[PDB]
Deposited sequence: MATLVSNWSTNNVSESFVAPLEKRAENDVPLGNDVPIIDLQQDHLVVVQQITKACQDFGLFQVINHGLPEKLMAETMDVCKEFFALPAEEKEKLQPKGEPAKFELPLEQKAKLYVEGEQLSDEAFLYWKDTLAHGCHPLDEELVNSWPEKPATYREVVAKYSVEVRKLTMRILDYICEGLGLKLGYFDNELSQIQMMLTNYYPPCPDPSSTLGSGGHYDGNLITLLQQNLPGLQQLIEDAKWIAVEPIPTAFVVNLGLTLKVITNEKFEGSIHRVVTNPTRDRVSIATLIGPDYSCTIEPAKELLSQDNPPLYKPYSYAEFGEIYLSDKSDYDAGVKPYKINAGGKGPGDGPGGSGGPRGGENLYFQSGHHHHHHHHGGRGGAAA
């Protein structure tokens, strides 16, 4: 591989990472209180769980994975239309909601073995959808339906979380969930998986992420890494660094990475829901007391975002400046 993609020695993945047998698989068609309790325990203990029987159509999940794979099979001349000034965009503020192809890495500077298509999904209007990929022909109609369905499921999970925390229903149905970035991640085959990463170890900086995968490669940090079993009809729920802050660390954030594969490509669909850049983030005042003092001072999501996207010296570098008590 090009030296551009060689990860620092300490960040390289070991060849045989064990399956995470303790990753919760939560059936959302259980009794209401059982679902609230199981989600609450997974959020407190792990910060990563899968949901099944989640009410999002399996056919739509398959059609969305199909059109996302079809997008990454498009020729160079079509993909260039999503490369501003002839190169992929960078994950840096301002992060526009129009569709672009993105490159990503860490500044021992290296690049992740990944192409990412990203666009906003909420609210859906003509202007936003007209800024999505023109090809494949069905991308806009399928992904518009998918984005509405994934948002509906995310808001159901956030209300289960509200009941678990003792927050009013709809606590996150406001500025805290107004940005919905859909990241379609393409991991092409890699000649040297021992030296590369599809995605470096990170928290998602946002509130909550729903991740759809068909193939292995996702791993979670529990300094032990475990493999997250791909269930093609499930969503992986990753709690974001923003939710870790708002719950005053009552909930864990998911630290996860993606390893490369020597033989096969892989596509994942990540729906990253979180605050507008104008939001102030702080521990929910409703949950604080002398027994539970705030562990973070209030901060600008925009200010956090700049650090989160630039400084990868530690997983929570984004929130370190705002730590108190």
Inset, instruction - Would you flag the ranges of the deposited sequence that the structure leaves without C-alpha positions? - result: 1-12, 120-122, 238-239, 343-385
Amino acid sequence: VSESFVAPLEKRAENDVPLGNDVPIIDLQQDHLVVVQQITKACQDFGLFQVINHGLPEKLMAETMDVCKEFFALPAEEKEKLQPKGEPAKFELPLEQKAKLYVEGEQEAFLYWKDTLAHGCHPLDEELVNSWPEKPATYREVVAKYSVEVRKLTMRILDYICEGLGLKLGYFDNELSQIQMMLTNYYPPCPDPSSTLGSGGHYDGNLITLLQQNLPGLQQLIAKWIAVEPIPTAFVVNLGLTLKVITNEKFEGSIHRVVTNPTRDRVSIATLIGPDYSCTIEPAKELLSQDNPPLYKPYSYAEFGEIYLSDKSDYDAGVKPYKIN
From here on, numbers count along this sequence of modelled residues.
Inset, instruction - Output the stretch having the higher mean C-alpha B factor in the entry; the candidates are 58-66 and 290-298. - result: 290-298
Inset, instruction - Mind pulling up the entry and telling me whether 226-234 or 204-212 has the higher mean Cα temperature factor? - result: 226-234
Inset, instruction - Go through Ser147, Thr184, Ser194, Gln220 one by one and give the residue whose Cα B-factor in the PDB entry is largest. - result: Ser194
Legend entry - Out of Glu108, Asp159, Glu104, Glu80, residue topping the C-alpha B-factor column of the entry: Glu108
Legend entry - Third of chain Cα B-factors occupied by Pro133: middle
Inset, instruction - Consider only the C-alpha atoms of the modelled residues in this chain, order them by B-factor as the entry records it, and name the third containing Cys190: lowest, middle or highest. - result: highest
Legend entry - Chain thirds of CA B-factor: placement of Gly86: middle
Inset, instruction - Pull the Cα B-factor of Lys98 out of the PDB entry and bin it into the chain's lowest, middle or highest third. - result: middle
Inset, instruction - Looking at the entry's B-factor column for C-alpha atoms only, identify whether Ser177 ranks in the lowest, middle or highest third of its chain. - result: middle
